[PDB]
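Peer 1: Could you have a look at this structure, given as structure tokens, before my questions?
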Amino acid sequence: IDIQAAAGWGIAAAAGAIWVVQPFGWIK
Amino acid sequence: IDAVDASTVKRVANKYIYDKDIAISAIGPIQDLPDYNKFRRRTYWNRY
Amino acid sequence: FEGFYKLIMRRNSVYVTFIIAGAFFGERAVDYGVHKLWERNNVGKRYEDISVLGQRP
């Protein structure tokens, strides 16, 4: 519940970073 | 009884408690008792 | 199906990820749809529809 929640919020934060900043082209 | 371990309790609690409807029966000086929406919201934790 | 479904309503972190993904895709889908209807309603009036585009003299 502590590591699962940590990975879940870490995924939410990473998706949010990809959503606010949209660097579609920086995948090089 | 011995079969009910920590994983069992969490599984059963998620089936019967988590984000479930509740019934309330109160009597007396109960103006300070939280309303149905407050009890309803407290059936899940949004930090998980 | 059920796996993602069950995760969405049981963990708020998955639900917040679901909201972000739905906001991202729903926004792009509307912007794509709005621009398609803008193009259908303005046939011939675009900069790329100018016949003499490229010959100033």
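By order of appearance in the structure tokens: chains A, B, ..., then residues from 1 within every chain, and ligands from 1 in the order shown.
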Please identify which residues in chain A DSSP calls helix (DSSP H, G or I) from the backbone, and express them as a PyMOL selection string.

Peer 2: chain A and resi 3-20

Peer 1: Where does chain B meet chain A within 12 Å, residue by residue, with the nearest atom pair and distance in Å to one decimal for each, counting only C-alpha atoms, listed by chain and rising number, as CSV?

Peer 2:
```
residue,atom,partner,partner_atom,distance
B:7,CA,A:1,CA,11.7
B:10,CA,A:1,CA,10.9
B:45,CA,A:5,CA,11.5
B:46,CA,A:5,CA,10.6
B:47,CA,A:5,CA,8.1
B:48,CA,A:5,CA,5.6
```

Peer 1: Which residues of chain C are close to chain A, meaning at most 10 Å apart when you count only C-alpha atoms, and how do they look as a PDB file with N, CA and C atoms, in the first residue's frame?

Peer 2:
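The resulting result04.pdb:
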```pdb
ATOM      1  N   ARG C  11      -8.303   2.956  -6.835  1.00  0.00           N
ATOM      2  CA  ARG C  11      -7.123   3.737  -6.495  1.00  0.00           C
ATOM      3  C   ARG C  11      -7.247   5.120  -7.113  1.00  0.00           C
ATOM      4  N   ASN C  12      -7.136   6.152  -6.276  1.00  0.00           N
ATOM      5  CA  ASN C  12      -7.276   7.519  -6.761  1.00  0.00           C
ATOM      6  C   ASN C  12      -6.109   7.934  -7.647  1.00  0.00           C
ATOM      7  N   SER C  13      -4.938   7.316  -7.476  1.00  0.00           N
ATOM      8  CA  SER C  13      -3.815   7.643  -8.347  1.00  0.00           C
ATOM      9  C   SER C  13      -4.084   7.198  -9.778  1.00  0.00           C
ATOM     10  N   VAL C  14      -4.718   6.038  -9.951  1.00  0.00           N
ATOM     11  CA  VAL C  14      -5.081   5.585 -11.289  1.00  0.00           C
ATOM     12  C   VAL C  14      -6.189   6.462 -11.863  1.00  0.00           C
ATOM     13  N   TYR C  15      -7.132   6.875 -11.016  1.00  0.00           N
ATOM     14  CA  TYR C  15      -8.219   7.738 -11.470  1.00  0.00           C
ATOM     15  C   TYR C  15      -7.699   9.099 -11.916  1.00  0.00           C
ATOM     16  N   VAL C  16      -6.737   9.657 -11.179  1.00  0.00           N
ATOM     17  CA  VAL C  16      -6.141  10.933 -11.563  1.00  0.00           C
ATOM     18  C   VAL C  16      -5.378  10.794 -12.876  1.00  0.00           C
ATOM     19  N   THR C  17      -4.667   9.677 -13.055  1.00  0.00           N
ATOM     20  CA  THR C  17      -4.039   9.396 -14.342  1.00  0.00           C
ATOM     21  C   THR C  17      -5.084   9.279 -15.443  1.00  0.00           C
ATOM     22  N   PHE C  18      -6.211   8.637 -15.137  1.00  0.00           N
ATOM     23  CA  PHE C  18      -7.290   8.515 -16.109  1.00  0.00           C
ATOM     24  C   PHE C  18      -7.848   9.884 -16.487  1.00  0.00           C
ATOM     25  N   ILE C  19      -7.983  10.784 -15.509  1.00  0.00           N
ATOM     26  CA  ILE C  19      -8.473  12.133 -15.789  1.00  0.00           C
ATOM     27  C   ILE C  19      -7.505  12.878 -16.701  1.00  0.00           C
ATOM     28  N   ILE C  20      -6.206  12.772 -16.421  1.00  0.00           N
ATOM     29  CA  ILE C  20      -5.200  13.459 -17.225  1.00  0.00           C
ATOM     30  C   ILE C  20      -5.208  12.933 -18.655  1.00  0.00           C
ATOM     31  N   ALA C  21      -5.287  11.611 -18.809  1.00  0.00           N
ATOM     32  CA  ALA C  21      -5.314  11.023 -20.143  1.00  0.00           C
ATOM     33  C   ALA C  21      -6.580  11.414 -20.893  1.00  0.00           C
ATOM     34  N   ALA C  23      -8.377  14.129 -20.377  1.00  0.00           N
ATOM     35  CA  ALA C  23      -8.256  15.545 -20.704  1.00  0.00           C
ATOM     36  C   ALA C  23      -7.375  15.741 -21.928  1.00  0.00           C
ATOM     37  N   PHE C  24      -6.263  15.008 -21.992  1.00  0.00           N
ATOM     38  CA  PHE C  24      -5.332  15.146 -23.105  1.00  0.00           C
ATOM     39  C   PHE C  24      -5.966  14.703 -24.420  1.00  0.00           C
ATOM     40  N   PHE C  25      -6.589  13.521 -24.432  1.00  0.00           N
ATOM     41  CA  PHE C  25      -7.153  13.002 -25.674  1.00  0.00           C
ATOM     42  C   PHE C  25      -8.438  13.727 -26.049  1.00  0.00           C
TER      43      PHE C  25
END
```

Peer 1: State, in Å with one decimal place, the distance from CA of residue 42 in chain B to CA of residue 9 in chain C.

Peer 2: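 A separation of 15.1 Å between them.
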
Peer 1: Just checking: using only C-alpha atoms, which residue out of B:29, B:38, B:24, B:43 ends up closest to chain C?

Peer 2: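 For chain C, the nearest of the given residues is B:43.
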
Peer 1: Using Å and a single decimal, report how far CA of residue 20 in chain B sits from CA of residue 36 in chain B.

Peer 2: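 About the pair CA of residue 36 in chain B and CA of residue 20 in chain B: they are 12.2 Å apart.
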
Peer 1: Considering only C-alpha atoms, state which residue in the set B:16, B:44, B:33, B:25 is at the smallest distance from chain C.

Peer 2: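 Of the candidates, the smallest distance to chain C is held by B:44.
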
Peer 1: Please indicate the distance in Å from CA of residue 30 in chain C to CA of residue 42 in chain C, rounded to one decimal place.

Peer 2: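 Pair CA of residue 30 in chain C / CA of residue 42 in chain C returns 18.3 Å.
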
Peer 1: For chain B, which of C:10, C:28, C:48, C:34 is the closest residue, counting only C-alpha atoms?

Peer 2: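 Once distances to chain B are computed over only C-alpha atoms, the minimum belongs to C:10.
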
Peer 1: Using only C-alpha atoms, find the one residue out of B:4, B:17, B:9, B:22 that sits nearest to chain C.

Peer 2: B:17
